[PDB]
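Just below is one structure, and these are the notes that go with it.
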Amino acid sequence: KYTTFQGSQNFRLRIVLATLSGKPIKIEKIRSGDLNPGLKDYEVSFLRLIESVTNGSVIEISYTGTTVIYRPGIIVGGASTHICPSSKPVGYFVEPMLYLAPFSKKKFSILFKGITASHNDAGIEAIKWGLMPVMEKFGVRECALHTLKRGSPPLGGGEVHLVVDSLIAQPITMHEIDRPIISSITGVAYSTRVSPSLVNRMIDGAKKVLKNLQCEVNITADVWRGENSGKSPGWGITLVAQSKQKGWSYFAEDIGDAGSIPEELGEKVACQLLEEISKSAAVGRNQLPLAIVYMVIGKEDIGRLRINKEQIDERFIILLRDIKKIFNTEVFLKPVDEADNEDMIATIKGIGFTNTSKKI
Amino acid sequence: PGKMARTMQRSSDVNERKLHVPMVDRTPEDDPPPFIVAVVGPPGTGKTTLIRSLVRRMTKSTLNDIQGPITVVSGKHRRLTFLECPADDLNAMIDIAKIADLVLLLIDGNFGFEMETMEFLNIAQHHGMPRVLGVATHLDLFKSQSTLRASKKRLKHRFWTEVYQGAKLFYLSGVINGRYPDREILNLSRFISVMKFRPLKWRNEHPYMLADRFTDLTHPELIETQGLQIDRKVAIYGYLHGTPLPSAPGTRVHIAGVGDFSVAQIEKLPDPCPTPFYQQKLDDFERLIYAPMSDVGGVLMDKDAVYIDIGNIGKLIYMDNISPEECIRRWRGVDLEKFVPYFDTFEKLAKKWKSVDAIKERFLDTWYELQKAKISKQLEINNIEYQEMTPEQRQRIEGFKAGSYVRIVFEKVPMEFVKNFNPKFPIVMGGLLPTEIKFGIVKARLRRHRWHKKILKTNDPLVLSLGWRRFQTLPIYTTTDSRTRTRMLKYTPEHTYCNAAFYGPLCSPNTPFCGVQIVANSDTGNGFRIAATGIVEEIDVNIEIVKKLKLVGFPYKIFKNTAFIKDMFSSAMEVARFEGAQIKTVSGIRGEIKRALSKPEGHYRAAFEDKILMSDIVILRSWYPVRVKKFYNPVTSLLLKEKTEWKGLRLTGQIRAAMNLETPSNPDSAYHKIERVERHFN
Amino acid sequence: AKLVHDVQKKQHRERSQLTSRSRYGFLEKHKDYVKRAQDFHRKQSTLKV
Amino acid sequence: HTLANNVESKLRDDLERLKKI
Amino acid sequence: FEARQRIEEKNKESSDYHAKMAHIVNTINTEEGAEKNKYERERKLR
Amino acid sequence: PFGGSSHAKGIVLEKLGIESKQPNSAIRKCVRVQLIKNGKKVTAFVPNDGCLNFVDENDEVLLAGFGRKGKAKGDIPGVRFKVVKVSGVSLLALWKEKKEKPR
Amino acid sequence: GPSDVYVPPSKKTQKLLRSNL
Amino acid sequence: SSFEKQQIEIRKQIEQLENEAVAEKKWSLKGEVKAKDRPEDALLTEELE
Amino acid sequence: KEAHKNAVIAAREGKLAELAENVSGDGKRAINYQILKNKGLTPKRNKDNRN
Ligand SMILES: Nc1nc2c(ncn2[C@@H]2O[C@H](COP(=O)(O)OP(=O)(O)OP(=O)(O)O)[C@@H](O)[C@H]2O)c(=O)[nH]1
Ligand SMILES: [Mg+2]
């Protein structure tokens with residue numbers, strides 16, 4: 001009712017922040033200048049999921065569909081199954097619940113039915129191997145996701161089971177100042193209804209890129225054989241570099257388009273991985289907001305994290321503007337002492353907050 | 001050898017009695033905010049006489065007509081705020097127990113332990129124990145040293161019982177000349193000035209402060225235009241305590257007996273009665289009392305009249321008119337739903353990645369003391385990054401760190417408040433949390449208070465202290481039915497905890513709360529008052545909650561194992577709904593209800609266990625749900641004029657008494673003695 | 001009787017038959033039922049044998 | 001007669017409640 | 001239909017309760033009693 | 001014993017078996033603690049599930065040695081303690097309603 | 001088909017989906 | 001005053017609660033509910049388990 | 001009916017007033033014995049062991 005926003009910008013993030021804040025919000029003039037102005041099927045399903053795993057939170061959408069008012073309640077959770085509509089994938093619906101996992105009355109066991117791949121949104125293995133490490137370093141213990149059947153575009157037929165048990169008061173505050181040394185690189189190429197020869201082709205392209213390096217590099221193959229192979233054919237490949245000492249992770253991934261060179265896809269994922277490593281500073285451009293919001297929701301205490309000049313960008317700016325417009329909270333930034341680069345230490349006081357929805 | 005053994009058990013046990021559970025302090029190092037002491041006791045003792053004499057000694061200045069808080073310096077780091085609680089307002093007692101940290105508890109000697117004092121002791125104990133120190137007054141009236149000594153030891157022993165043993169008390173002779181014996185006044189002064197404190201969760205998790213100075217802001221012309229009914233602007237002056245309060249307007253703050261008013265404007269002012277180190281460092285860089293609403297020197301200000309005796313990427317980011325694009329272009333000199341970020345064309349990526357040297361550049365003892373070390377290290381990090389840069393950090397993001405005078409101005413304030421305000425009552429205000437602002441139903445567990453006479457009743461109003469608020473609601477007492485359902489009771493079990501659930505303002509679990517009957521001095525009567533104590537333990541927006549109703553029926557024709565039951569129902573519809581179900585005759589034999597009948601309209605047939613007698617009464621268990629009443633009423637005592645004998649909802653006993661009814665009673669259900677004769681068979 | 005209050009040894013009391021059952025006198029409890037069932041089963045046992 | 005009609009209407013109401021809600 | 005549904009759910013819940021109960025009681029026995037017999041083997045040594 | 005001495009204090013980490021459908025039994029009285037001197041969790045009874053309901057969580061309890069005489073019906077082998085004091089105050093006075101758990 | 005030839009992929013993919021006279 | 005207004009609202013709410021708590025209980029909240037003591041067919045119309 | 005009901009109400013008022021006659025003769029309210037002496041939930045006992 002009070003915190004006002006315009007347009008369709010960053011809708012999921014704004015809703016998640018509204019839930020964590022308790023401040024009632026109204027977002028209006030949603031894609032008004034369009035031939036089909038209003039909301040989307042995936043967006044309304046997202047709101048349905050929000051009501052499902054919340055309790056007593058009131059959500060209404062004006063008949064014009066360009067003005068949504070949200071009055072948040074509490075975050076119950078529980079165990080349920082959602083059927084993601086065709087246009088958008090399970091990782092896209094999972095990331096917000098991934099944000100909301102560790103602070104709920106009943107643990108999270110959600111079965112998502114549908115598609116598990118997109119150039120747009122994060123793959124299941126991508127989200128696992130990238131985000132699970134970040135949240136667990138912040139202080140969650142049992143968060144995992146299993147794959148009963150894996151879908152593909154555009155038929156879907158995939159089943160993912162998110163089980164998150166760790167209910168924490170707050171993530172432990174973080175003070176990361178340095179640059180982790182990359183320990184090794186692993187990855188995986190998955191194939192649905194297509195050739196192991198194709199798998200080997202893409203892995204050959206990847207290792208051709210990665211032969212310039214000397215530390216450990218391993219990528220596994222997953223032919224999702226048989227009944228749970230979904231319906232449409234497809235394939236994809238993911239790559240993650242790891243720093244065992246502090247245990248950090250950075251990653252990039254892709255799927256195979258229609259009429260594409262699997263070797264090219266290999267050099268693809270390799271090149272995005274390398275480039276993200278290049279632009280990284282103790283954290284990766286896509287998991288930036290995840291760690292940011294965790295360290296913000298941390299307890300009443302300043303927290304420190306190294307970030308990159310290049311990592312600072314439009315998406316960072318809009319995240320900062322939104323998080324300030326919600327929490328009335330501003331992030332201090334000070335340059336690194338070392339001159340060889342211009343890394344920036346971000347400090348921010350995690351707000352006084354508790355897992356007041358917990359069962360004691 | 002033997003001494004070695006004995007002293008090692010000494011060492012082990014004493015360390016094992018030394019250690020504790022760690023919790024953070026957040027507390028101010030540079031400038032401690034004042035510590036709060038409250039004179040607490042019954043009205044016929046002379047607390048005023050005590051406050052006057054003690055403050056005069058400490059400050060080296062006399063004073064008459066004390067009222068409201070009064071703040072003084074002692075030590076080279078010590079400033080204290082003295083509060084004389086009234087012996088009338090149970091609510092004021094409650095607020096003092098919420099906020100104050102040293103309680104100067106003064107008790108009659110000619111008469112021992114009035115229950116008001118005992119109740120303050122209980123409620124402080126409940127909301128988090130503040131350091132207590134008692135003084136036995138009126139020892140001079142005892143006309144024999146025998147009685148004086150006996151009562152001395154008696155008092156010391158009861159006190160030692162009800163608070164930690166060893167808690168010495170100070171004996172106070174008499175008020176000769178508006179004064180207390182100076183030497184024992186030194187005892188008190190030195191002691192409480194060298195007192196040591198503990199961290200408590202309430203203090204150290206919510207930013208709280210007592211209101212020092214009271215002013216109103218309204219255009220007088222606005223007043224006559226509106227007609228005195230216009231909510232009045234209000235300005236409060238005070239210090240800070242415990243948790244660093246935020247610095248930007250737009251947060252919510254409770255005020256006792258007032259309501260819940262958001263912060264409109266706030267400004268930081270240097271204190272009026274500063275530390276001697278503060279003064280000396282002031283002078284080094286360049287080269288006592290305070291009690292706003294009570295008299296100081298020889299002058300007291302009224303509302304207007306007075307009485308006197310005769311004698312930069314960061315800022316670019318945080319600016320709004322700038323588009324983020326113009327931010328970035330100014331700085332080097334899209335939405336997020338697309339999860340993977342932007343990139344470069346594939347050929348340029350590949351060619352620039354043919355070189356990889358730039359990427360090999362990046363590429364390859366007591367546990368208690370241990371977590372106390374983590375706490376200390378985290379706070380020292382806080383300190384260094386706090387000192388890093390003041391004008392943005394200190395002023396804004398650190399909020400207003402504790403120990404800094406503040407003036408805050410608000411709107412929508414009751415005309416009645418500003419008009420019938422009196423200084424004699426304390427006035428408190430502390431930060432609300434999101435959980436403490438959202439509402440719902442609290443699931444708590446509580447017991448009657450053990451010195452109380454009567455047991456509480458479900459759906460009977462009940463005031464309670466919980467969070468800064470203090471308010472009356474209608475609980476519902478539920479006992480889990482050996483952990484299957486949530487059956488509702490109809491009374492509290494008379495000597496144990498039991499679950500309760502009621503609508504109210506939410507708050508974090510594992511939080512103590514303490515509930516009371518009438519607050520009105522008019523009806524305090526002669527008994528104890530504090531009635532329930534418990535912990536709020538979870539919060540929600542709805543709960544399943546059950547009451548047990550058993551449908552009674554009778555048999556009217558009996559075969560071996562079969563029966564026709566005649567009054568558990570009245571319609572074949574109904575019996576068809578309930579058929580194939582499970583019943584147990586009062587005798588304790590099971591059976592199932594099986595088929596409706598026709599020519600009688602509500603009678604059915606059951607297949608039992610053995611030949612069920614005509615002289616029985618069959619029953620069928622069933623769970624109805626119950627709906628929690630949503631009554632909610634903050635007390636607003638200080639909004640009221642007389643500031644006591646506030647009356648919310650009355651209790652069923654005095655409701656029946658008032659409207660002159662008689663208690664419902666199921667006669668045949670009332671108990672009676674049964675004499676079953678001895679039975680024989682053929 | 002280790003660590004229990006007598007007010008935990010309450011003594012729940014004994015009800016009475018519903019009054020409108022003046023005619024069908026004297027409600028039974030389980031102890032009356034066990035006397036009845038035991039006697040009937042002796043009658044059976046011997047009559048079977 | 002009219003009593004039969006009233007009972008029928010009541011049946012309609014109760015049955016609609018029980019079979020719909 | 002309601003009868004079949006209710007009996008199914010009640011059976012599942014009671015069996016699951018039992019399984020958790022044995023899981024717990026047995027883990028206390030194993031862990032704690034093992035370390036206790038460790039300490040007792042310790043005490044008899046002296 | 002647990003080291004050298006006769007009593008040890010620590011932190012109530014959770015109340016194992018809050019949900020024992022059959023009240024006042026082994027686990028029903030079984031709470032668990034964290035010995036602070038060792039920073040390590042360990043199991044310990046409470047007497048009288050009433051006192052169970054007294055002690056809740058994060059509560060500076062102080063443990064003593066259980067010391068069964070002989071072999072009863074169900075009391076679990078391995079649980080080796082009894083709580084004595086909670087957050088300052090002593091559970092016999094509590095369960096006898098002499099004092100109230102202060103905080 | 002290397003992974004198809006891999007019977008050890010049973011355990012491997014299981015972990016991958018999980019994590020005198 | 002708006003304070004007086006909310007006092008009026010709370011007051012009326014108060015007497016409604018008093019009368020509602022002193023009146024007869026609802027049959028479904030009672031115990032030993034029965035054919036003669038109910039209003040008829042309520043067990044169909046309602047939902048209990 | 002009215003005679004009986006007024007009789008029971010009168011009994012109510014009489015008992016209530018007789019309780020109320022023990023109100024404080026002063027404005028100061030005395031400690032209670034149960035809380036002066038604080039002996040909680042004893043068993044039942046005997047004069048032998050008393051002596
Ligand atoms: N015997 C004795 N009487 C005292 C002592 N101190 C104060 N008094 C009496 O108590 C009276 C003081 O009353 P007040 O100071 O107004 O009472 P109070 O307890 O401060 O409560 P307020 O009236 O609300 O301030 C004096 O008239 C004294 O006769 C003492 O140490 N011994
Ligand atoms: Mg006084």
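Labels for the structure tokens follow display order: chains A, B, ..., residues from 1 in each chain, ligands from 1.
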
Taking only C-alpha atoms into account, report as a ChimeraX atom specification which residues of chain F lie within 12 Å of chain E. /F:1-3,16-22,25-28,30-32,41-45,74-81

Which residues of chain F are close to chain C, meaning at most 10 Å apart when you count only C-alpha atoms, and how do they look as a PyMOL selection string? chain F and resi 47-48+50+92+95-96

Mind writing the picked residues with N, CA and C atoms as a PDB file, in the first residue's frame?
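Result went into part12.pdb, see below:
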ATOM      1  N   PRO F  47      14.507 -33.982  35.141  1.00  0.00           N
ATOM      2  CA  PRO F  47      13.447 -34.709  35.838  1.00  0.00           C
ATOM      3  C   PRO F  47      12.116 -34.004  35.674  1.00  0.00           C
ATOM      4  N   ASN F  48      11.045 -34.793  35.587  1.00  0.00           N
ATOM      5  CA  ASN F  48       9.711 -34.210  35.596  1.00  0.00           C
ATOM      6  C   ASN F  48       9.421 -33.304  34.400  1.00  0.00           C
ATOM      7  N   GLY F  50       7.307 -31.608  33.693  1.00  0.00           N
ATOM      8  CA  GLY F  50       7.024 -30.249  34.121  1.00  0.00           C
ATOM      9  C   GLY F  50       8.251 -29.361  34.014  1.00  0.00           C
ATOM     10  N   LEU F  92      14.629 -27.817  41.575  1.00  0.00           N
ATOM     11  CA  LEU F  92      13.748 -28.288  42.635  1.00  0.00           C
ATOM     12  C   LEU F  92      12.896 -27.157  43.178  1.00  0.00           C
ATOM     13  N   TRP F  95      10.180 -26.499  40.334  1.00  0.00           N
ATOM     14  CA  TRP F  95       9.085 -27.451  40.234  1.00  0.00           C
ATOM     15  C   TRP F  95       8.308 -27.547  41.542  1.00  0.00           C
ATOM     16  N   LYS F  96       8.890 -27.097  42.648  1.00  0.00           N
ATOM     17  CA  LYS F  96       8.118 -26.934  43.867  1.00  0.00           C
ATOM     18  C   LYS F  96       7.506 -25.560  43.974  1.00  0.00           C
TER      19      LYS F  96
END

DSSP alpha helix (DSSP H) residues within stretch 105-196 of chain A, as a PDB file with N, CA and C atoms, in the first residue's frame:
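Saved result, selection09.pdb, follows:
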ATOM      1  N   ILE A 124      19.383 -26.038 -13.973  1.00  0.00           N
ATOM      2  CA  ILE A 124      19.306 -26.650 -12.651  1.00  0.00           C
ATOM      3  C   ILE A 124      20.697 -26.896 -12.086  1.00  0.00           C
ATOM      4  N   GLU A 125      21.589 -27.483 -12.881  1.00  0.00           N
ATOM      5  CA  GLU A 125      22.928 -27.741 -12.377  1.00  0.00           C
ATOM      6  C   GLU A 125      23.703 -26.448 -12.203  1.00  0.00           C
ATOM      7  N   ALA A 126      23.460 -25.476 -13.079  1.00  0.00           N
ATOM      8  CA  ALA A 126      24.073 -24.168 -12.916  1.00  0.00           C
ATOM      9  C   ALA A 126      23.689 -23.555 -11.580  1.00  0.00           C
ATOM     10  N   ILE A 127      22.387 -23.497 -11.291  1.00  0.00           N
ATOM     11  CA  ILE A 127      21.942 -22.886 -10.047  1.00  0.00           C
ATOM     12  C   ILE A 127      22.471 -23.667  -8.858  1.00  0.00           C
ATOM     13  N   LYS A 128      22.467 -24.997  -8.927  1.00  0.00           N
ATOM     14  CA  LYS A 128      22.994 -25.798  -7.833  1.00  0.00           C
ATOM     15  C   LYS A 128      24.447 -25.437  -7.568  1.00  0.00           C
ATOM     16  N   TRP A 129      25.318 -25.769  -8.518  1.00  0.00           N
ATOM     17  CA  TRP A 129      26.750 -25.631  -8.310  1.00  0.00           C
ATOM     18  C   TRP A 129      27.200 -24.189  -8.163  1.00  0.00           C
ATOM     19  N   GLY A 130      26.373 -23.214  -8.524  1.00  0.00           N
ATOM     20  CA  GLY A 130      26.791 -21.844  -8.330  1.00  0.00           C
ATOM     21  C   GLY A 130      26.256 -21.234  -7.057  1.00  0.00           C
ATOM     22  N   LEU A 131      24.950 -21.349  -6.836  1.00  0.00           N
ATOM     23  CA  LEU A 131      24.308 -20.669  -5.732  1.00  0.00           C
ATOM     24  C   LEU A 131      24.386 -21.445  -4.430  1.00  0.00           C
ATOM     25  N   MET A 132      24.209 -22.770  -4.458  1.00  0.00           N
ATOM     26  CA  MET A 132      24.360 -23.539  -3.229  1.00  0.00           C
ATOM     27  C   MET A 132      25.666 -23.215  -2.514  1.00  0.00           C
ATOM     28  N   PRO A 133      26.824 -23.144  -3.184  1.00  0.00           N
ATOM     29  CA  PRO A 133      28.041 -22.759  -2.461  1.00  0.00           C
ATOM     30  C   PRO A 133      27.948 -21.398  -1.812  1.00  0.00           C
ATOM     31  N   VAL A 134      27.373 -20.410  -2.493  1.00  0.00           N
ATOM     32  CA  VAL A 134      27.341 -19.065  -1.934  1.00  0.00           C
ATOM     33  C   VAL A 134      26.488 -19.032  -0.676  1.00  0.00           C
ATOM     34  N   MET A 135      25.274 -19.566  -0.761  1.00  0.00           N
ATOM     35  CA  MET A 135      24.394 -19.571   0.395  1.00  0.00           C
ATOM     36  C   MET A 135      24.975 -20.412   1.521  1.00  0.00           C
ATOM     37  N   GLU A 136      25.629 -21.526   1.188  1.00  0.00           N
ATOM     38  CA  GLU A 136      26.169 -22.366   2.244  1.00  0.00           C
ATOM     39  C   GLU A 136      27.353 -21.711   2.930  1.00  0.00           C
ATOM     40  N   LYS A 137      28.192 -20.991   2.185  1.00  0.00           N
ATOM     41  CA  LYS A 137      29.224 -20.190   2.822  1.00  0.00           C
ATOM     42  C   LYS A 137      28.602 -19.136   3.717  1.00  0.00           C
ATOM     43  N   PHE A 138      27.528 -18.508   3.257  1.00  0.00           N
ATOM     44  CA  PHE A 138      26.804 -17.599   4.126  1.00  0.00           C
ATOM     45  C   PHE A 138      26.173 -18.302   5.314  1.00  0.00           C
ATOM     46  N   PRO A 196      25.890 -39.608 -27.514  1.00  0.00           N
ATOM     47  CA  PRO A 196      27.130 -39.518 -26.739  1.00  0.00           C
ATOM     48  C   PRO A 196      28.277 -39.006 -27.576  1.00  0.00           C
TER      49      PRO A 196
END

Which residues are near ligand 2 - at most 7 Å, using only C-alpha atoms and all ligand atoms? Format: as a PyMOL selection string. chain B and resi 43+46-49+84

Dump as a PDB file, in the first residue's frame, selection limited to N, CA, C and O atoms:
ATOM      1  N   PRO B  43       3.788   4.310  48.454  1.00  0.00           N
ATOM      2  CA  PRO B  43       3.628   5.759  48.646  1.00  0.00           C
ATOM      3  C   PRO B  43       3.871   6.321  50.048  1.00  0.00           C
ATOM      4  O   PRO B  43       4.202   7.499  50.155  1.00  0.00           O
ATOM      5  N   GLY B  46       8.422   7.749  51.583  1.00  0.00           N
ATOM      6  CA  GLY B  46       9.274   8.908  51.421  1.00  0.00           C
ATOM      7  C   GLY B  46      10.349   8.742  50.364  1.00  0.00           C
ATOM      8  O   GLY B  46      11.493   9.143  50.574  1.00  0.00           O
ATOM      9  N   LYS B  47       9.991   8.185  49.206  1.00  0.00           N
ATOM     10  CA  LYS B  47      10.961   8.023  48.123  1.00  0.00           C
ATOM     11  C   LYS B  47      11.449   9.401  47.683  1.00  0.00           C
ATOM     12  O   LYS B  47      12.644   9.602  47.468  1.00  0.00           O
ATOM     13  N   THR B  48      10.523  10.354  47.572  1.00  0.00           N
ATOM     14  CA  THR B  48      10.851  11.732  47.241  1.00  0.00           C
ATOM     15  C   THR B  48      11.915  12.242  48.211  1.00  0.00           C
ATOM     16  O   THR B  48      12.915  12.814  47.794  1.00  0.00           O
ATOM     17  N   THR B  49      11.686  12.058  49.509  1.00  0.00           N
ATOM     18  CA  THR B  49      12.657  12.470  50.507  1.00  0.00           C
ATOM     19  C   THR B  49      14.009  11.829  50.218  1.00  0.00           C
ATOM     20  O   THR B  49      15.050  12.461  50.382  1.00  0.00           O
ATOM     21  N   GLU B  84      11.429   8.567  39.699  1.00  0.00           N
ATOM     22  CA  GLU B  84      10.714   8.182  40.912  1.00  0.00           C
ATOM     23  C   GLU B  84       9.429   7.523  40.468  1.00  0.00           C
ATOM     24  O   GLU B  84       8.500   8.237  40.081  1.00  0.00           O
TER      25      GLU B  84
END

Expected answer as a PyMOL selection string: residues within 12 Å of ligand 1, only C-alpha atoms and all ligand atoms: chain B and resi 39-53+64-68+83-89+105-111+135-143+170-181+424-425

For the interface of chain F with chain B (cut-off 10 Å, counting only C-alpha atoms), please tabulate each contacting residue of chain F alongside its nearest pair of atoms and their separation in Å to one decimal, rows sorted by chain and increasing number, as CSV.
residue,atom,partner,partner_atom,distance
F:3,CA,B:12,CA,9.1
F:4,CA,B:12,CA,6.7
F:5,CA,B:12,CA,5.9
F:6,CA,B:13,CA,7.5
F:7,CA,B:13,CA,7.5
F:8,CA,B:16,CA,6.2
F:9,CA,B:16,CA,6.9
F:10,CA,B:21,CA,7.4
F:11,CA,B:21,CA,7.1
F:18,CA,B:483,CA,9.1
F:19,CA,B:483,CA,6.4
F:20,CA,B:483,CA,7.6
F:21,CA,B:483,CA,5.6
F:22,CA,B:482,CA,6.9
F:23,CA,B:482,CA,6.7
F:35,CA,B:367,CA,9.2
F:36,CA,B:368,CA,6.1
F:37,CA,B:366,CA,6.0
F:38,CA,B:367,CA,6.2
F:39,CA,B:367,CA,5.2
F:40,CA,B:367,CA,8.9
F:50,CA,B:496,CA,7.1
F:51,CA,B:496,CA,9.7
F:53,CA,B:497,CA,7.2
F:54,CA,B:497,CA,8.1
F:56,CA,B:510,CA,8.0
F:57,CA,B:510,CA,7.9
F:58,CA,B:21,CA,8.2
F:59,CA,B:21,CA,8.1
F:60,CA,B:21,CA,6.2
F:61,CA,B:20,CA,9.5
F:62,CA,B:17,CA,9.2
F:87,CA,B:20,CA,9.4
F:88,CA,B:164,CA,8.6
F:89,CA,B:164,CA,9.0
F:95,CA,B:496,CA,9.1
F:96,CA,B:495,CA,9.8
F:97,CA,B:450,CA,7.0
F:98,CA,B:450,CA,8.8
F:99,CA,B:162,CA,7.2
F:100,CA,B:125,CA,8.0
F:101,CA,B:126,CA,8.0
F:102,CA,B:125,CA,5.3
F:103,CA,B:128,CA,4.7

Could you take the residues named above and write them with C-alpha atoms, as a short mmCIF file (atom, residue, chain, number, x, y, z; two decimals), in the first residue's frame?
data_model
loop_
_atom_site.label_atom_id
_atom_site.label_comp_id
_atom_site.auth_asym_id
_atom_site.auth_seq_id
_atom_site.Cartn_x
_atom_site.Cartn_y
_atom_site.Cartn_z
CA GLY F 3 36.77 -33.98 32.61
CA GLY F 4 37.73 -33.24 36.19
CA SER F 5 35.01 -31.75 38.31
CA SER F 6 31.60 -32.64 39.69
CA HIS F 7 29.27 -30.26 37.81
CA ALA F 8 29.36 -28.74 34.33
CA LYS F 9 27.35 -25.99 32.74
CA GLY F 10 26.32 -25.37 29.18
CA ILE F 11 23.71 -24.49 26.62
CA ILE F 18 9.27 -32.89 22.48
CA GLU F 19 6.71 -34.97 20.58
CA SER F 20 6.74 -38.26 22.49
CA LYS F 21 3.07 -39.15 22.16
CA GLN F 22 3.29 -41.16 25.38
CA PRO F 23 4.13 -38.50 27.95
CA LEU F 35 29.06 -28.32 27.25
CA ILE F 36 30.65 -24.90 27.03
CA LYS F 37 33.93 -26.03 28.61
CA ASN F 38 34.25 -28.35 25.61
CA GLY F 39 32.07 -26.47 23.14
CA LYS F 40 30.53 -29.86 22.39
CA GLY F 50 7.02 -30.25 34.12
CA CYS F 51 10.62 -29.08 34.42
CA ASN F 53 8.33 -27.35 30.14
CA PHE F 54 10.25 -24.96 32.37
CA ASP F 56 13.18 -24.07 26.89
CA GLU F 57 16.29 -23.11 24.91
CA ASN F 58 19.67 -21.35 25.11
CA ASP F 59 19.50 -21.52 28.83
CA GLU F 60 22.77 -21.69 30.83
CA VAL F 61 21.82 -24.96 32.50
CA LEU F 62 24.09 -26.76 34.97
CA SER F 87 19.73 -19.57 34.01
CA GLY F 88 20.55 -18.93 37.65
CA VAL F 89 17.86 -20.83 39.56
CA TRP F 95 9.09 -27.45 40.23
CA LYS F 96 8.12 -26.93 43.87
CA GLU F 97 7.03 -23.41 42.98
CA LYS F 98 9.43 -21.52 45.22
CA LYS F 99 10.99 -19.20 42.63
CA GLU F 100 10.62 -18.26 38.95
CA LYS F 101 13.18 -18.76 36.22
CA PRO F 102 14.73 -15.30 35.95
CA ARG F 103 16.21 -13.95 32.74
#

Using only C-alpha atoms, tabulate the residues of chain A lying at most 7 Å from any atom of chain B, each with its closest atom pair and that distance in Å to one decimal, by chain and increasing residue number, as a Markdown table.
| residue | atom | partner | partner_atom | distance |
| --- | --- | --- | --- | --- |
| A:9 | CA | B:335 | CA | 6.3 |
| A:10 | CA | B:336 | CA | 5.7 |
| A:22 | CA | B:434 | CA | 6.2 |
| A:56 | CA | B:541 | CA | 6.2 |
| A:120 | CA | B:338 | CA | 5.3 |
| A:121 | CA | B:339 | CA | 4.9 |
| A:122 | CA | B:339 | CA | 6.3 |
| A:181 | CA | B:364 | CA | 5.9 |
| A:182 | CA | B:363 | CA | 5.6 |
| A:183 | CA | B:364 | CA | 6.6 |
| A:271 | CA | B:349 | CA | 6.7 |
| A:278 | CA | B:359 | CA | 6.4 |
| A:286 | CA | B:340 | CA | 6.4 |
| A:302 | CA | B:382 | CA | 6.3 |
| A:314 | CA | B:324 | CA | 5.8 |
| A:315 | CA | B:336 | CA | 6.5 |
| A:317 | CA | B:324 | CA | 6.2 |
| A:330 | CA | B:397 | CA | 6.5 |
| A:333 | CA | B:314 | CA | 6.9 |
| A:356 | CA | B:508 | CA | 4.9 |
| A:357 | CA | B:539 | CA | 6.8 |
| A:359 | CA | B:538 | CA | 6.3 |
| A:360 | CA | B:537 | CA | 6.3 |

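The gap separating atom CA of residue B:671 from atom CA of residue C:8 is 20.2 Å, in Å to one decimal.
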
Output as a list in words the set of chain I residues within 10 Å of chain B, with distances taken over only C-alpha atoms.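 So the contacting residues turn out to be residues 5, 6, 8, 9, 12, 13, 16, 20, 22, 23, 24, 27, 28, 29, 30, 31, 32, 34, 35, 36, 37, 38, 40 and 41 of chain I.
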
Strand (DSSP E or B) positions in stretch 203-358 of chain A, given as a ChimeraX atom specification: /A:217-223,234-243,248-255,301-307,332-335,344-350

Using only C-alpha atoms, find each residue in chain E having at least one atom no more than 12 Å away from chain B; report its shortest atom-to-atom pair and that distance in Å (one decimal), rows by chain then rising number, as JSON lines.
{"residue": "E:1", "atom": "CA", "partner": "B:577", "partner_atom": "CA", "distance": 11.8}
{"residue": "E:2", "atom": "CA", "partner": "B:577", "partner_atom": "CA", "distance": 10.6}
{"residue": "E:3", "atom": "CA", "partner": "B:580", "partner_atom": "CA", "distance": 8.7}
{"residue": "E:4", "atom": "CA", "partner": "B:580", "partner_atom": "CA", "distance": 11.5}
{"residue": "E:6", "atom": "CA", "partner": "B:581", "partner_atom": "CA", "distance": 11.9}
{"residue": "E:7", "atom": "CA", "partner": "B:581", "partner_atom": "CA", "distance": 11.8}
{"residue": "E:10", "atom": "CA", "partner": "B:484", "partner_atom": "CA", "distance": 11.4}
{"residue": "E:13", "atom": "CA", "partner": "B:484", "partner_atom": "CA", "distance": 10.9}
{"residue": "E:14", "atom": "CA", "partner": "B:484", "partner_atom": "CA", "distance": 10.6}
{"residue": "E:17", "atom": "CA", "partner": "B:484", "partner_atom": "CA", "distance": 11.2}
